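Residue numbers (UniProt numbering), protein chains in the order written: chain H, 1863 to 1911; chain W, 1863 to 1911; chain V, 1128 to 1176.
Shown next, in structure tokens, is the structure this report addresses.
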Amino acid sequence: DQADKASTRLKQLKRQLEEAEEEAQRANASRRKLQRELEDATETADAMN
Amino acid sequence: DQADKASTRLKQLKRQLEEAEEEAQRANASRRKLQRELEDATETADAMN
Amino acid sequence: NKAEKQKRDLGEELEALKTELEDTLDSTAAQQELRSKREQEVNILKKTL
């Protein structure tokens, strides 16, 4: 029963790890677009100066 | 052995899940900080026009 | 009977370490083939002896 209970809980953690990895990929992807937009604004600020 | 092996893998997943959650805080916090800088660029764009 | 029981118990320790290292045996196929053949030869020598 301990092995079955531990195995069941272990599989449940895999679902959280898989879902957590998707959040990091989506969150990291948003940073790429955010940094890209900020980079364009930095060049515009330097040109305006 | 299966319970100990499964329990050992469960502990490894716990530290891995905590590491991913900890990294998400830095990425999530950085995303909020980047949003604040983006707001300044948007407001500055209005004054530039 | 107790001696034979201890032998089976000691053998389980070797199987436990092998199962925990099975994830790395596949990646090390460059040398696992030669090492695996040597293990079988030792078992044949014990049976023949």
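Positions of the beta carbon are idealized from the N, C-alpha and C atoms, including for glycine.
Item to check | Rounded straight-line distance, which links the Cα of W/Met1910 to that of H/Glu1905 | outcome: If I take the Cα positions, the gap works out to 14 Å.
Checklist entry - Below 8 Å between beta carbons: does that hold for H/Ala1891 and W/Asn1890? => result Contact flag unset, no.
Checklist entry - alpha helix (DSSP H) containing H/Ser1892: first to last residue? => result H/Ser1892: member of the alpha helix (DSSP H) spanning 1864 to 1910, first to last residue.
Checklist entry - Are there 16 or more other CB atoms within 10 angstroms of the CB of W/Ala1907, so buried, or fewer, so exposed? => result Counting Cβ neighbours within 10 Å, W/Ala1907 comes out exposed, since fewer than 16 surround it.
Checklist entry - Between which two residues does the alpha helix (DSSP H) containing V/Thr1146 stretch? => result Looking at the DSSP string, the run of the alpha helix (DSSP H) that includes V/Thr1146 is 1129 to 1147.
Checklist entry - Three or more beta-carbon pairs under 8 Å between the segment 1138 to 1146 of chain V and the segment 1874 to 1887 of chain W, yes or no? => result Counting Cβ pairs under 8 Å, fewer than three are found: no touch.
Next on the checklist: Cβ closer than 7 Å: which chain H residues qualify as neighbours of W/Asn1911?
Outcome noted: In chain order: nothing, as chain H lies at least about 12 Å away.
Checklist entry - Residues in the segment 1863 to 1895 of chain W with C-beta within 8 Å of chain H's C-beta atoms, listed in sequence order? => result So the list reads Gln1864, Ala1865, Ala1868, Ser1869, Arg1871, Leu1872, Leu1875, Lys1876, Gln1878, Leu1879, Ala1882, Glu1883, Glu1885, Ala1886, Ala1889, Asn1890, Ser1892, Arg1893, given in the order they occur along the chain.
Checklist entry - If you draw a straight line from the C-alpha of V/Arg1165 to the C-alpha of W/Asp1866, how long is it? => result Straight-line Cα distance between these residues: approximately 30 Å.
Next on the checklist: Excluding the 5 residues flanking V/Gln1167 on each side, which residues of the same chain have their C-beta closer than 7 Å to its C-beta?
Outcome noted: There are no such residues.
Checklist entry - Can you round the beta-carbon distance between residue 1821 of chain H and W/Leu1900 to whole angstroms, since I take them to be within the 8 Å contact cut? => result There is simply no residue 1821 of chain H to check, as chain H begins at 1863 and stops at 1911 in what is shown.
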